[PDB]
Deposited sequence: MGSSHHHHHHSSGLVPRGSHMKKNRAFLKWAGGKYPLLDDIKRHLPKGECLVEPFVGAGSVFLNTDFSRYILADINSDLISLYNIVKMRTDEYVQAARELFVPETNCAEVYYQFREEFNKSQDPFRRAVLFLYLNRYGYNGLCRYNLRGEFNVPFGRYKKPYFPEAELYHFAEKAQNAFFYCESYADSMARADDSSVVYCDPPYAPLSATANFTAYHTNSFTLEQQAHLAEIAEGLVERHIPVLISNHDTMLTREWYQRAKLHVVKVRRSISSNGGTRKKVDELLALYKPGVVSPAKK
């Protein structure tokens, strides 16, 4: 069991056993919504193609892969007792938003992920990061996790683009896993129109003998979008009050 080095929304570490039970075998794995990378880090394919719409995240992954020793030594200097203070936090956030150097922006990005409020990621319409101070007791510097990420990445390529464009890179030796933002539980972001279009693209790939696996909440809407697949219920019963389970859908060819 291997851990990511970033805090992130909708991370899949606790569901890995159920995912690996139903995921097919092949030469190359494609992830159109990669995020913090928990599945990439806990599987064994010989090639990977990894993509996301967030451009600060993709640039950080390129620096860590190609300039490893230089990156670690510089980032370690920001994790000391002197920097756990509100007046210092708001000046570093300001330096980040004004800089135009990829290496310096990547160093500061990790500090903000581990000292900021509840570990969030949020921006305004101008592209400035605006999460406030978090006040933790003693944050942890993920050194071991950073070296292991660099090592596995020697066999992957990274891209900044949307889900229709990355899914079109697949060929007759590939396998695809999708993890989109969650569907709503009651009546800008990922739209209803977009949730349905994703299911349509999957039905077209499976005609070409290319297999696909998807995950989301178990509701009335998701059962309708994914009607042409085989469905498996995962009991979780998380409160809020009511219980909700999770769902997996598998498209397999003949």
Seminar exercise, completed: Compared with the full deposited sequence, the modelled chain skips 1 to 22, 210 to 218, 272 to 277, 292 to 298
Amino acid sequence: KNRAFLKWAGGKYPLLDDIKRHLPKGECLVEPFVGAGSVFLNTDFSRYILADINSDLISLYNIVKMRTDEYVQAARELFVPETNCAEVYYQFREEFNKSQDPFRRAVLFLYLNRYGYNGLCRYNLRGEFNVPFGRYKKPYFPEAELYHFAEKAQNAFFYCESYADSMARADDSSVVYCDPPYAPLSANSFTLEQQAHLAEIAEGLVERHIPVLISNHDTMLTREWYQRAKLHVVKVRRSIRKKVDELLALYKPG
From here on, numbers count along this sequence of modelled residues.
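By rigid core we mean the largest C-alpha set that fits within 1.5 Å across both forms.
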Problem set entry | Stretch departing more from the displayed form, 33 to 41 or 201 to 209, Cα RMS in 8 other deposited structures of this protein (core fit) | 201 to 209
Exercise. Any chance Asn188 is unbuilt in a third or more of the other entries we compared?
Worked result: yes
Problem set entry | Across other compared entries, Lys12 missing in at least a third | no
Exercise. Which has the higher mean CA temperature factor in the PDB entry, 48 to 56 or 196 to 204?
Worked result: 196 to 204
Exercise. Out of 62 to 70 and 22 to 30, which one has CA B-factors that are higher on average in the deposited record?
Worked result: 22 to 30
Problem set entry | Options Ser38, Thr43, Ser215, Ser186 - largest CA temperature factor per the record | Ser186
Exercise. Of the three thirds of its chain by CA temperature factor, lowest, middle or highest, which one includes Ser173?
Worked result: highest
Problem set entry | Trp8 - which third its CA temperature factor falls in, relative to the rest of the chain | middle
Seminar exercise, completed: Here the Cα B-factor of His148, set against its chain, lands in the third termed middle
Problem set entry | Where the record places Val80 (Cα B-factor, split into thirds across the chain) | highest
Exercise. Lowest, middle or highest third: where is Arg135 by C-alpha B factor in its chain?
Worked result: highest
